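Derivation of every value follows stated rules applied to the coordinates shown; laboratory data play no part. As a convention, Cβ positions derive from the backbone with ideal geometry for all residues, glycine included, and neighbour counts pool all protein chains shown.
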There are 2 protein chains.
Amino acid sequence: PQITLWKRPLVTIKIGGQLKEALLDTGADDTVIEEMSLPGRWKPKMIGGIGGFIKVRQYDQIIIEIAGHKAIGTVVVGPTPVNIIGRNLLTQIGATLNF
Amino acid sequence: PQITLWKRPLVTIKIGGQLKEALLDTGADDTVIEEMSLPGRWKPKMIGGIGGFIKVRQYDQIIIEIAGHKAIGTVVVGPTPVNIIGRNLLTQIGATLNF
Ligand SMILES: COc1ccc(S(=O)(=O)N(C[C@H]2CCC(=O)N2)C[C@@H](O)[C@H](Cc2ccccc2)NC(=O)O[C@@H]2C[C@@H]3CCO[C@@H]3C2)cc1
Ligand SMILES: [Cl-]
Ligand SMILES: [Cl-]
Ligand SMILES: [Cl-]
Ligand code: NA
Ligand code: NA
């Protein structure tokens, strides 16, 4: 699709068999997901957003569908206003910005 | 242009007579610029994201040249770690996300 930006670019994602809403976020390096159960081991990461740094749990090689497009990659779990799909997965689904 | 997302989508902007680097950010409702003076009236606001909230000054009817494209709208100014072009101005330059 071609997504205009008059409204927030919210899509449905599927992770762990569950559908969730997420924001397509070109200003995010990383994909940040609200607290949920994911398989496997995690490693620590600090991410710096608009209000400061926070600790998140980094899970690698997680299967995730984004607006019907398949991705497998890193997700970080921690406190976020909304699930955000960042560039690490936007590149997997072939997203570009165009003007 | 078509901008891929392998790297942060940074562009040069001109605001208040000043050149700056800013992120084209589909996950940002508002355009957020680091501390600078702008003409006219303002009013305070809080904006929030990962790590919490910051206090900003909201200025309305500000013109910004974004990668050569002029756009007018509200700009908020405060202690952001990065300059952000949000959806309120991305729409005006006809930016879309495509995949
Ligand atoms: C009301 O207007 C706004 C409100 C908040 C923001 S935000 O900068 O907090 N943010 C909002 C996103 C995240 C939460 C949400 O609902 N939408 C814009 C983001 O693009 C932000 C933009 C951003 C803010 C501060 C630093 C760098 C980028 N990036 C971000 O938080 O990315 C996180 C932090 C990590 C650094 C970059 O990637 C990592 C993942 C911008 C305008
Ligand atoms: Cl990844
Ligand atoms: Cl506006
Ligand atoms: Cl349009
Ligand atoms: Na867990
Ligand atoms: Na004004």
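Within segment B:12-40, residues that are in contact (Cβ under 8 Å) with a residue 12 or more places away in the chain reach partners that are within 16 Å of ligand 2 (Cβ to nearest atom) and part of a strand (DSSP E or B) with beta carbons closer than 6 Å, at six or more positions or on different chains, in the pairs B:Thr26/A:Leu24. Looking at segment A:14-23, can you tell me whether even one residue there is of a type outside the set (D, E, K, R) and under 20 Å from B:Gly86 (Cα atoms)? Looking through segment A:14-23, at least one residue is of a type outside the set (D, E, K, R) and under 20 Å from B:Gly86 (Cα atoms).
Inside segment B:68-97, residues that are farther than 25 Å from B:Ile54 by Cα, in contact (Cβ under 8 Å) with a residue 24 or more places away in the chain and in contact with a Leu (Cβ under 8 Å, 6 or more places away or on another chain) make up a count of 2.
The test for being more than 8 Å from chain B (Cβ to nearest Cβ) and within 16 Å of ligand 2 (Cβ to nearest atom) holds for A:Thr74. Only residues that are surrounded by 15 or more Cβ atoms within 10 Å (Cβ to Cβ) and either at the interface with chain A (Cβ under 8 Å from one of its Cβ atoms) or touching a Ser or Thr at 6+ places or on another chain (Cβ under 9 Å) (or both) were counted across segment B:30-53, and they come to 8. Among the numbered criteria (1) in contact with a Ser or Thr (Cβ under 6 Å, 6 or more places away or on another chain); (2) more than 9 Å from ligand 1 (Cβ to nearest atom); (3) within 11 Å of chain B (Cβ to nearest Cβ), which single criterion is violated by A:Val11? For A:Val11, the exception is condition (1). Restricting B:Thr26, B:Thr31, B:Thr74, B:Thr96 to those that are within 16 Å of ligand 4 (Cβ to nearest atom), of a type in the set (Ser, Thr, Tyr) and touching a helix residue (DSSP H, G or I) at 6+ places or on another chain (Cβ under 7 Å) reduces the list to B:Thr26.
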